[PDB]
Structures are given as structure tokens and as C-alpha cells.
Amino acid sequence: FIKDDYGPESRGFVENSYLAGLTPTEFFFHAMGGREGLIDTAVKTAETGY
Amino acid sequence: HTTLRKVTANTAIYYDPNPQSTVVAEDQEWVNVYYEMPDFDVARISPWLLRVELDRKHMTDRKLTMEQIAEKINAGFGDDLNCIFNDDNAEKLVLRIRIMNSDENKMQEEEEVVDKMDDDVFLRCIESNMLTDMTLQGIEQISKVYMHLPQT
Amino acid sequence: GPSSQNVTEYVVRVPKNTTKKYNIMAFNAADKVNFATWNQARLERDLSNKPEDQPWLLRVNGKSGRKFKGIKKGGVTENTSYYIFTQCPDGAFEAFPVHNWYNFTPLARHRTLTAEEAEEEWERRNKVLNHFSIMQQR
Amino acid sequence: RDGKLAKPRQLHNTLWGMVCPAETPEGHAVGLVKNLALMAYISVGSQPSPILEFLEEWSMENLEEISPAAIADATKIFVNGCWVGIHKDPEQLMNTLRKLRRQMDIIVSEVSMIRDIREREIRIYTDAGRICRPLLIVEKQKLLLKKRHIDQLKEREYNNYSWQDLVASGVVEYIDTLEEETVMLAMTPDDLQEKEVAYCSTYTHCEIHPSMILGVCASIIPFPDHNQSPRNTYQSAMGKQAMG
Amino acid sequence: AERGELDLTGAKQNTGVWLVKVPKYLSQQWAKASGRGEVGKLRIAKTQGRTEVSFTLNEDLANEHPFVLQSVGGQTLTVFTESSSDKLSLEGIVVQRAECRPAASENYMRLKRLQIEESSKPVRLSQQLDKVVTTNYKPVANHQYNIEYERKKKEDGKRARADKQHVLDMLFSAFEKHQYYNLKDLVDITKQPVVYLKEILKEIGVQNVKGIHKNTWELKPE
Amino acid sequence: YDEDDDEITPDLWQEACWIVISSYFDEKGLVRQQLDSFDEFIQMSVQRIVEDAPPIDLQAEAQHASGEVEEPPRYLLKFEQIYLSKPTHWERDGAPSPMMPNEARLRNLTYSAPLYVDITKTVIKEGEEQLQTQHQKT
Amino acid sequence: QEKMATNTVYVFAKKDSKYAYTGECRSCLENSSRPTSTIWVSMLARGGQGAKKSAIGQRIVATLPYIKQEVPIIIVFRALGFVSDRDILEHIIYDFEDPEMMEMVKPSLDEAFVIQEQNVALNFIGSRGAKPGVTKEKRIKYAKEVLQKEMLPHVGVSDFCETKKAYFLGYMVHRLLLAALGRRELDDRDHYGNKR
RNA sequence: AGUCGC
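Listed as the method for this PDB entry is cryo-EM; the listed resolution is 6.3 Å.

Per the PDB record, the entry is named "Human holo-PIC in the initial transcribing state (no IIS)".

(A) Summary view of the overall build of chain B. Check the secondary structure of chain B and you find five helices and four strands. When the elements of chain B are put in sequence order from the N terminus, they spell out α-β-α-β-α-α-β-β-α. With the principal axes as the frame, chain B shows a C-alpha extent of 70 × 35 × 20 Å. For chain B, with 152 residues in total, the buried portion stands at 35%. In chain B, the proportion of contacts linking residues at least 24 apart, taken out of those at least 6 apart, comes to 73%. For chain B, the accessible area works out to roughly 10,500 Å², and carbon and sulfur atoms hold 51% of it. Of the charged side chains in chain B, 16 are positive and 30 negative; the average position of the first set lies 9 Å away from that of the second.

(B) Layout of the nonpolar core. Of all hydrophobic cores here, the largest spans 57 residues; its most connected members are G:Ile73 and G:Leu152. At 10 residues, helix α6 (residues 162-181) of chain G tops the list of elements feeding residues into this core. Apart from residues lying up to four places away in sequence, G:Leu152 is in contact with G:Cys25, G:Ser27, G:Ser37, G:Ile39, G:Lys165, G:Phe168, G:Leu169 and G:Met172. Counting 33 residues, the second-largest nonpolar core is a separate cluster that includes D:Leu38, D:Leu143, D:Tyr174 and D:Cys206.

(C) Region of the structure containing the environment of B:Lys116. With respect to the element layout, B:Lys116 can be found in the loop between β4 (93-99) and α5 (119-132). Judged by its relative accessible area of 46%, B:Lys116 falls in the partly exposed class. Excluding anything up to four places from it in sequence, B:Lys116 contacts B:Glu111, C:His131 and C:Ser133.

(D) Broad picture of the packing of helix α3 (residues 99-112) of chain G against α6(G). Residues and elements named next belong to chain G. Close contact between α3 and α6 brings their axes to 11 Å; oriented N to C, the two are set at 110°. Taken together, the axes of α3 and α6 are roughly perpendicular relative to one another. Between α3 and α6, the residues in contact are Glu100, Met101, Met104 and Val105 and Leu177, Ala180 and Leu181, respectively. For the contact of α3 with α6, the residue count by class is six nonpolar, no polar and one charged.

(E) Spatial organisation of the environment of G:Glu2. Residue and element names in this part refer to chain G. Looking at where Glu2 falls in the secondary structure, it is placed in the segment before β1 (10-12). Sequence-wise, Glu2 and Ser158 are 156 residues apart; in three dimensions their C-alpha atoms are separated by 31 Å. Side chain to side chain, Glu2 and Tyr192 meet in a polar contact 2.5 Å long. Polar side-chain contacts of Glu2 include one of 2.3 Å to the side chain of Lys195.

(F) Structural detail: the interface of chain C and chain G. Taken together, the contacts link 21 residues of chain C with 24 residues of chain G. Ionic pairing is found between C:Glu120 and G:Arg128, a salt bridge with its closest N-O pair at 3.1 Å. Applying the counting rule to chain C against chain G returns four residue pairs in polar contact. With four residues, the top contributor of residues to the side of chain C that touches chain G is helix α1 (residues 119-124) of chain C.

(G) Here's a closer look at a negative patch on the surface. Residues and elements named next belong to chain B. On the surface, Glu109, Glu110, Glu111 and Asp115 cluster together into a patch of negative charge. Residue placement: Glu111 occurs in the loop between β4 and α5. The class of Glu111 is partly exposed, set by a relative accessible area of 49%.

(H) A look at the pattern of salt bridges. Overall, the coordinates contain 75 salt bridges over all chains when judged by the stated rule. The closest approach of N and O atoms between D:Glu119 and G:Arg184, which form a salt bridge, is 2.7 Å. Highlighted residues: D:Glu119 in the loop between β5 (112-116) and β6 (121-125) and G:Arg184 in the segment after α6, drawn from two different chains. The exposure classification of D:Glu119 matches that of G:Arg184, with both residues buried. Notably, a salt bridge pairs F:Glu80 with E:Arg124, separated by 3.7 Å at the nearest N-O pair. Taken together, the positions of F:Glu80 in strand β2 (residues 74-84) and E:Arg124 in the loop between α3 (108-119) and α4 (143-152) put the pair across two chains. One network of salt bridges, in which partners are shared, links D:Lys146, D:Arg148, F:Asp2, F:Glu3, F:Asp4 and F:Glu7.

What counts as what
- Throughout, residue numbers begin from 1 within each chain and advance along the sequence as written. They need not agree with those in the entry, and any residue without coordinates is left out.
- Each chain takes a letter, starting from A, and each ligand takes a number, starting from 1, following the order in which they are written.
- Shown here is not the whole assembly but part of a larger one, and the values apply to the part shown.
- Each side-chain value is worked out from all heavy atoms of the structure, with water and hydrogens disregarded.
- What counts as a helix is a DSSP run of H or I of at least four residues, what counts as a strand is a run of E of at least two, and both are numbered from the N terminus.
- Buried residues are those whose accessible area, probed at 1.4 Å on protein chains only, stays under 20% of the maximum for their type, while exposed residues exceed 50% and partly exposed ones sit between those limits.
- When checking whether two residues touch, look at their non-hydrogen atoms; a contact exists if any pair is within 4.5 Å.
- Only the protein chains shown count as covering a residue, and every accessible area follows the Shrake-Rupley method with a 1.4 Å probe.
- The sign given to each residue is positive for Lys and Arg and negative for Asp and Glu; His and the chain ends receive no count.
- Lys charges are placed at NZ, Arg charges at CZ, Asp charges at CG and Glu charges at CD.
- As used here, the term nonpolar core means buried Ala, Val, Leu, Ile, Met, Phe, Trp, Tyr and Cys residues forming a set that is joined through side-chain atoms within 4.5 Å.
- Working convention: axes come from line fits to C-alpha atoms, limited for helices to the stretch in contact. Angles between N-to-C directions cover 0 to 180 degrees.
- For classification purposes, angles smaller than 35 degrees are called roughly parallel, those larger than 145 roughly antiparallel, those between 65 and 115 roughly perpendicular, and all remaining angles oblique.
- When residue character is reported, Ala, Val, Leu, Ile, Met, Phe, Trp, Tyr, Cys and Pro are called nonpolar, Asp, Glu, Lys and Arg charged, and the others, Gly included, polar.
- Here a polar contact is recorded for every N or O atom pair within 3.5 Å, except that within protein the pair must consist of a potential hydrogen donor and a potential acceptor, and residues adjacent in sequence are included only if both atoms are side-chain atoms.
- For this document, the term salt bridge refers to a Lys or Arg side-chain nitrogen within 4 Å of an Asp or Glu carboxyl oxygen.
- Only residues whose relative accessible area exceeds 30% and that take part in no salt bridge are eligible for patches, with like-charged residues grouped when within 9 Å of each other and nonpolar side chains (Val, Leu, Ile, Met, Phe, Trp, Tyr) grouped when within 5 Å.

Put into C-alpha cells, the structure is as follows:
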């Protein structure tokens, strides 16, 4: 992307559906959002346990 | 909790020991405004001049008066802090501050136990305290947020 | 004339071996040194507090004259060389090798605040509470 | 280990084509153990000495020879984070220096060279251990690689022509993560072509293929982009788990 | 006058000198010109609001270098000289700094990469070793061990315990230099066996130790 | 083959970038990173380390109380080029032979190779001798 | 193994509310002997003892390796021998044209007055760093060798490059002041460009 | 220990 691009695509928002497939960038930003979900599961599991 | 630090645009310290010929010729009519203010011990008060400029926008929101701020600071610090202020009839707002001393006792007896730091340097500690500690309408310590909400 | 059009051309010589070592003496421009006002100078290696590695001591005019410290540059060059191009009475150029590069810097004629006394102790007490008087008590 | 939530667990933005996006364990070590990207490569390290010689000869002034009170305009140049010197014309230097890299007077895989214009700094890196990846070069708003290079690559079936020759044409470059911050990088030849007023025209590199951002196990999984992202991460663990 | 005095005559003339930066290879070529009496010639061409300086190499020595002028305003450069007669003189002030530019930076590089190679070649690690069997020949003993045996086998070995009086004299002679000595030194200076030197030191003297069993003996000074 | 003149068709599609990628793996291959580092480690770093700067010298004590006539002997040790033989194995018989990685796994050996170095001994005692120097490969 | 990049200064806002900002430089001869050297330049904030000057939030100190006590950066400059305050100011910020930078350093200069020569400053670092030793001069020589060998070793390991170290230490203070003005981004903890 | 399972 170009520097300073708050427009919805360069910063987050994916246009496509899981059926259409995610463009490369859309794909990677999605993995960032999926990681939050993986990490939170592990961290939350320990703390509630205690 | 609004501190004077929030309201203040800027501060400046000048050496102006002669109000009647102030370092800012444009400031000169306000000195004309104050000559009846303890004219006897202007030979006794300190020659260092503190000058402050205030934001009109902060001043509007807090809907304050310059006399409220002057009365707040004088009350907060005490009689030592000699304040005078500019005319309200301007979009800008500036406050001019000098320090009075203990008058009679300063005759240099032993050596004047202060260790002779410069009075200006004492003035920066005044300005420091003045920015951080002064609490105009800042009735408490609730950081500085306050968000009003309409509930339906 | 040179202001309009000029051309000069001089042969360049290198002597097989100089009769003396050529060194550089550099000053800070901020010190604005003018040798016009120098009349005497002494230049000797500081060595007593412990020779060719040791720093320089530059003493100008009399004892009351300015003193400077000369510090040796690690090497003249690390991958090149520095040469001096000089004008000779025949009308030629003569080129001389640099043997050393020394940095020379100013020192105060008499300052000396000293910490050996209890200045360090005063620091423990230091609330920025004095400045002139300590300089007077010295 | 075992009790500490943190941001070095979450996939970071810079891991684009450097480290596989979705190939890190699903246990407590999640995100701390990462897996290298497919195209990723790792610099083996080299002596800075040659670069220092070329710079001093080009026009870099030495530290103790300059006058400190006259350096504000000048750009500071560093080599392996060591502040070697200053320069008053960094744009001709960067252009010339890169040209040398394309010509291999300094080792591609090695030297990283970065300019931070808004700060007037030039950092150069030749230490071991930096992660870098190959990209195509584009020039004057178009790709520098032409199909004739492809015909030599077909020819390799009976000729000595190779990927190293391809690097020797200077049509591909190696880019570490620090340098990848300052490039304007087109996603695919298609986009770099259609462009007129579509987005920008200042590109400097292009992606040899975007699906290369995946690491070894993630590449087995077909249509990974039609899947929900953590779904891809469970497959990268299980694929590694299968037998055969 | 003395060697600690710095001659200001040069400075007093206000003599100016030129400062030129040059690449090592050019000066190395000059370095092997030795004393030919020249290395080249300098040419200066001046026009309106512009000056061009250049250098040409000697054609004999070769078996155009443009000059770039440099600022000197930010440093007060001067030169001094350390004579072989141990005399010091301030020779002049730098009025100009400059840089000698190559005729071509680009092709040069081919030579340069080769040039770098010639100074810079530690052809290291480089060639395995295919295989070797020199975990060393086995003599009857170390060669030097035999040297040690030969030395031991030359006269010195047994000692001259006979003649107590001469040995007594030697102790007296020890007492002529210092009041106490280490027994290790006493056997060294006497060349006698320890048990015997002790037997004598018990007879005519005493001992005195210090710190950690550090002992010295004395012939009872009085 | 190119000239950049009669060429008018730079376009090139999917079919072709995979040709470029294939050439990357054909040249490098998937594990390269590990191998390039180890190779550089031998080709450079183990040499660099013995070629350090710690040549050791040793001077035994002499003239132990008496003495006079010179010679507190002095020895210096220097290290040179390093050699590495392909990975060998010695049977209990004592006879070395080449190892092969499959053998190394079955019999539980360690797949390593023997390292040799050139060492020098150097005596420039206090006067009597200086040249007596000997090279070893150990 | 993934580690933090050697030989390069980066600025952090750690937990400790008394350190406003800090400049870290890990400086090993990742090609010498592999030690470490972790110079810290830390900006102190929140306080001022008493009526010191109303706002201690500019008292820049320096950690150094094998030093039992924090010292202000200015002592190190004195120890490098540049007694001239204008010269130290030249190493810190080669653009004295901006009044705001000049004011930012000034209280750190104000601290410097207690020590005004290289030897005594060396005697300060020696005693603040080592085991007690009334030898004074050895404390100076040992400390001299530390500044020579231990501090920013990547910039050199000898007398003949002692000047070069002075610019680099000064560059960190400059790199720190930029963040302290805030015209400079605070450097990320996990950017891959800053990994090895 | 580390890897790993849920």
C-alpha cells in the first residue's frame, strides 16, 4: 500500500466472501484477526484456571 | 479537574524592572492602569517579570473570568504573588505576574539565608507549581475527562 | 587576468626522503585562532604523570598565555594518504607526506572547580539551591 | 513460558513473505515458535570492509576530518549500525550503490541498504542473521524482466543458465524486512500494467508470486484463502501430524 | 634555544599550503617512484566565476585527475614539522582542501575488486585435507626427554657432602650478604642435599617462619 | 539473448513466473539456509577463531636467588592454517576408514570429522638463539 | 534462534513511571569474542526533590556496564575529555539553532557543574562503579580502560578511536531527545527489521 | 527437557 491509506482495504476490511476467496492482502489481514482468536484461547484458559 | 496548565497557551519570563518603560511597548497602557497598586514597595518587589498567554478557546469552554483566575492564584499562593491582568476587551488573554518579598527584614543581616539562588530561578519553581498544582474549578483529582450522555 | 581567463601549469615533485616529519595541527574554527597575536609558543609532550604516543601540550607565549591540548589521530589514513602541495621559489609544486594528524583543542587559563573536596557531597544535597557562592568559597 | 500474555505471539505486520502467516503451534507456545516462509532466505553474513573502501573513495568524508559545527545538512551513513561518516548528496549515492549491487560488486544476499529520507540517514547492513526474500525489479513504471530471460530458463534443460544468472541480470533483488519498509511493492504484473490513474505509478519491486507468503506445511492445503484463518492453522499442525 | 621550543617563523610568514586527498594506489605508485624528481604536473584553468583544477600523471611513471575543492572554513588547519634533528617548526596554514577524483570510477572497479583481492587474501579453511596419518611416530622416548636424560647424565647429580668446613664457610658467606634466606635458595647456593643442609642448620643456626609456612633460616645474628 | 531494441513484447504470465520460481528451487532447494550457514561457519569462522590474537608465550623463572649469565628461557606458540578431513572412523584395531551416514546411524556413531592445525614453536630467548622454529600439523 | 538486533539504538517506553523514555544499545563484536555491552540512556521524570526547578522530567542519566550506580550522561563526556560545554553540546545536537532542544538539555548541563575535569570525573565513575579503593589514580586508570574497552565496543577497542565513541554516545542522546520532543516515533518492540 | 495431545 501507499503511505497513509486509511481507506477500508489497506487497513483491515475485506470485501470478498469465503466463497469468492480472499485476495493476498485480504488473506494475511485475516490471519492477523484469526491469531487474536488463537492466542486469547490459550491466555484466557490459564487465567480462569487460576 | 482543570489545571491552569490546560488553559495556558504559553509562558514567558522577562527582565522588566521598570513598568513605566516596560519591555513590551504595546503592554504599556496596562501598566498605566496599575500605578496605584502598592506604588511604595515597587522599589521593594522583585524586578523579574512573568508573562503568561491564555487560550481563548479553553477560556470560553470553562466560561471563566480573568479575575476568577487572578483571585484563584493569589488566594492559592498567598499575598506574595502580586497579580495584574490585561483588559477583557481582546480576543487574547494575558496575565502579568511579579513576586513581592518580605519587605522590612531583607536588610542583609548575616548573609540572607536563601543561599542566594537567583529570584528568577525561584520564579521557575513558581511557574512549575503554578502549572501543575493550580486547580481552577478543578474541584478534585478526576484526571481530566468528564463525558456527558443523554439516555433514552 | 585570473578574473577573466587564466591558465597555469606547474611540475610536481616528490623528494625521495624528507629531512623532517610533517604533521597536521588542527583547530576548531569556533576558537577563531589568530597567530597574528602569538609572539611565542612552547610545544612539549605531557609525560610526567606516568613518549611518541603521548598527547601534546601546547603553551603559547608566557605562562599566562593560552594552553592547548593536542590529541593524536588513530592513523593518518586507513585506506588513502594525505599530501601537502607547496609552492617553490623556482615556480614549481613540491609535495610532502603527512606523518601524523593531531587534534588540538583549547584549555582554560584558570578555572578548576575540583570535586575532591565534597562537591560530590554537595551534589547529594543538591536541590539546585546555590551556584555563585560555591564558586566564591573556592 | 507458562503464564505471560504478550504481543510477541500475535502475527506482526512485517511477517509478510518472511515467516509463514499460519504455521505456529496451537498450544501454549502459540506464535512464539514460527515457521519460515517458502521464499524466505537468511543472510549468511559478510565482512563490511569492501563497502567501507568504496564509500571513502566515492565521496564519504571521514569522521574526525570534518567540522562538527557543519553537519546539519549532511546525511549520516552507518554500516552495521556503526556510524562511519557523512554525505551531502545521498541521492546520487543511493542510485549508484544499488547499481553496484545489481552488478554484484557487493554481495546481493548480503548487503541491505536503506535510506530514511525524513531523518537523513543511510543504514547499510551486512551482518549475519537477517531474513530476506527475492522480488522482481520494476523500472520506469514497468517490469524490468523480459520474456527473453524466460527462454534462457527453458534452455536450462540443456544449458548452464541458472537462477544465479537471473540475479546477475539484476532483474531480481534480495530484500530484508528493514529495507522492505521503504519499497513500493506491486502485488502482481497485472496490476502494475493496467495502472494509469488507478492508484500510483512509483512501484519499485514486484512479487514473484503472492502465494509464496506461505510456509512449508501451509502450502499443502488447497484454496487456503477460502478457509477461515485459524482453520488453516489447525491443518498446518495436522498435516505435519499425518503418516505415509 | 631548546628542543621544547616551537619555531613560529613559518607561521610568522603566514605561509599557505594546499591540502589534497588522494587514493593509496596513486601514492603507492609515487612511493615506488622514489626520487625521480617528479610524479606529475598540476594544471589550473580559470574562467569567469569558475575555476578548473586538474592533475596529469608522468608518462614515465605511468609505465587526467580532476580536483574537487573542499571547504576549510570549519577548521583552523595548520602544519607543524618534527625534524630528524629533533627541532620543531610550524610550517604553514591550510588555505585549501581538495580531493583527487579518478578519471573513471566505474571501470576501475574491475581493477579495484582485483586490487582488494591482492591486499586481502587469507585463502582460508579452503581445502579440507583428503585424509592424514601423522598422529606421530613413536620413539623410545621423547627426543627432548633424551636431552633431559643427557643433561642429568652430565656430571651434576650426586653432590659434594664431604668437607663440612667449606660448606660451613659457604653458610658464613651467605651470612655475609643477608640475615636470612629460603631453604630452596640455600640448597641452590650450596649444591648439597636437603637432609644434610638441615642437619647443619640444626647444629649452628635457627629458623623463622612467616605467614603460610614461608620459612627462612639465620646463623643466629647477635 | 537480448538487445532491447527489436523487442516489443515484455508481457509474461503465470505460466512463466513458475518457471522463475522453479529455477529458484532448482538452484537453492528447500533447506539451503541451514547448509549455507554451516558452510560459511567452517569456511570462515573456525579459521577466524584460531587466527585470533592470543599467541601465547611462556617464560619460566630463572636466576633463582643467584644466577648472572643470561638465559631465562622463553617460548612462544603460534597457530596457522586449519585443516578438516572428511568424516572418518577408527576401529578398535586402530585403522581409520571413511564413514557413511547410514552406518553412522545403525551402529550409533557420531558423524564428525577430524580437525588439524598448524602450530609453531619459536625461541628468541635473551640472546643465544632466535631462528630455531618448527612447523607441526596436529 | 531469534534475538534483538545488535549495534543499533532503539527507544522504549517501559513500565517504570520514573523513566520517561530510554535508549538501548546492545553492542557486541558479533565477530570478536561475543560479550554484550548494554548501554542505557534513560530519561528521568516525575519529581524534583523540592523547589529544584519544578519538573525533573529531563534529568538524563546513563547506565554503564560494571557500574554499581547510575551516572548522568554529561560525566561520560567529561570522561571523554571534552570539557567544553559547547563541544558536548555539539556532540549531542548539531543543530543548536532550535531553542527547544537547547532548553531540553540545559538542566542536564546544570547537574554537570560539580565535576569539571576529566580526571576527577574518572574518579567519580571509578568509585561509583567498582569496589572501594582509596587509590584514586588506579580508580581513574581502571575506569579509563572500561570506557576504552567496555562501552560501545562495536565502535572501537583502543585509544586511537576514542573520539569516534564520543559521537556515537552523543548520537544516542540525540536519538533520545528526538523521541522526547515526540517528532520521532517511539520504535516498535517486535518489528522484524529489528530482529536477527 | 523438549516435543506433543484435548
